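Read the single chain below, which is given as structure tokens and is the form solved without benzimidazole.
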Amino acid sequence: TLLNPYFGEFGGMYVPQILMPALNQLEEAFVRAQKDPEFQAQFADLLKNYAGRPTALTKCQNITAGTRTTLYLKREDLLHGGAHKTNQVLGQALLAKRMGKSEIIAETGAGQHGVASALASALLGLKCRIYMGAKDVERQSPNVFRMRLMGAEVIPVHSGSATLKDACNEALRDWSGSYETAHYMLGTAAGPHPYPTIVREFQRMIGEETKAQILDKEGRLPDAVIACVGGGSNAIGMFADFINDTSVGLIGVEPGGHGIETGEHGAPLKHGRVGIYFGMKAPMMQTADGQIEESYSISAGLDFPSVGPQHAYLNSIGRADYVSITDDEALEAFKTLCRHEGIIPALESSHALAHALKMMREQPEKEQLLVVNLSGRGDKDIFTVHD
């Protein structure tokens, strides 16, 4: 390979021999694209004039009144599609086109990656094939219909536990016999190399914009940037430009579900075991036997039963810190931002806010400059929180 497939112990290319040429191909296309000023301007144009880049950095004043915390929110909820996922698929879709590919294969749980993959393809003239576990299809009528209305073919996977897990399986299964004409648009900063590196690189805007934004508004870098961690794409996009800035804390937040103690969570990086799955070596929701388990969370979007290898690596060397937030805690941060700031946050992002809210409340007298990545809009969750 042209690049390192590992982040210390984590990462790799654990796919059947048959998909290896499809991974080496993708990698070269990325190294080339990355050095291509013509690709760079095409991607910057789409991000800007089509997606809404650059997104806002909002100072939340009402929320932090009566404390020494100054909180800002990277407004990825204002991006087209309502989530940071859009940045990614645009760049991956152009990569598919650069590769002469004219077909897209996608994986989706909550529906968000599917909707973003579907919109990118509609815009770029790619034919879109999307895979969703039957349990999620029934569970996500709105997103399924949104996907279909965008010209995408939605295929339910009744195999296994019929969720993200098995969807990711049918995707690779399909990709093994179609990589020659189709590109598999993986939805997070995980999976086999070159995906964890590609997704980061295509989500880097977030952190890069935040740095310039905070330097403008405050003349200082933040004390810490916080982001939820489902598979790791929005988090890594926030972290990236700040990794070499050792004075800036990187905090990833994993779902705690009903409580870590209950075993009803989606916190593999911190409370799971390292295993090998989905073409990767990474922490995992595993049984004692090594059978893959499901991740639980009030927010469907944080259901990836694993986590990106770069996070596992940053955690191990002490560069980044990972914590967890329960459902009730995320529900509280959700409710709070609605009432004091007038912003409806995704329950996914609510886990991130909830932690910053804790950092504040537990130590109201600590001077602190915080930036939470509001990776998405919460209109989606109005019904869930309602019931």
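Residue numbers here begin at 1 and follow the sequence given.
Same protein, other form: the form deposited with benzimidazole bound, not shown, and the subject of what follows.
**Q** Can you pick out, from 183, 129, 113, 265, the residue that has a heavy atom within 4.5 Å of benzimidazole in the bound PDB entry?
**A** If I apply the 4.5 Å criterion carefully, the residue I get is 113.
**Q** Looking at 198, 168, 96, 71 here, can you tell me which has any non-hydrogen atom within 4.5 angstroms of benzimidazole in the bound PDB entry?
**A** Among 198, 168, 96, 71, a heavy atom within 4.5 Å of benzimidazole in the bound PDB entry occurs only for 168.
**Q** Wondering, does residue 1 line up within 4.5 Å of benzimidazole in the bound PDB entry on heavy atoms?
**A** Judged by the heavy-atom cut-off of 4.5 Å, residue 1 is in contact with benzimidazole in the bound PDB entry.
**Q** For residue 188, is any heavy atom within 4.5 Å of benzimidazole in the bound PDB entry, or not?
**A** Judged by the heavy-atom cut-off of 4.5 Å, residue 188 is in contact with benzimidazole in the bound PDB entry.
**Q** Does the 4.5 Å heavy atom contact test between residue 304 and benzimidazole in the bound PDB entry come out positive?
**A** The answer is yes: residue 304 has a heavy atom within 4.5 Å of benzimidazole.
**Q** Mark residue 231 yes when one of its heavy atoms lies within 4.5 Å of a heavy atom of benzimidazole in the bound PDB entry, and no otherwise.
**A** Heavy-atom contact with benzimidazole at 4.5 Å: present for residue 231.
**Q** Which is the contacting stretch out of 296-304, 313-321, 281-289, 240-248, given heavy atoms within 4.5 Å of benzimidazole in the bound PDB entry?
**A** The contacting stretch here is 296-304.
**Q** Within 4.5 Å of benzimidazole in the bound PDB entry, counting any non-hydrogen atom, which residues from 90-107 show up?
**A** Counting only heavy atoms within 4.5 Å of benzimidazole in the bound PDB entry, the single contacting residue of 90-107 is 107.
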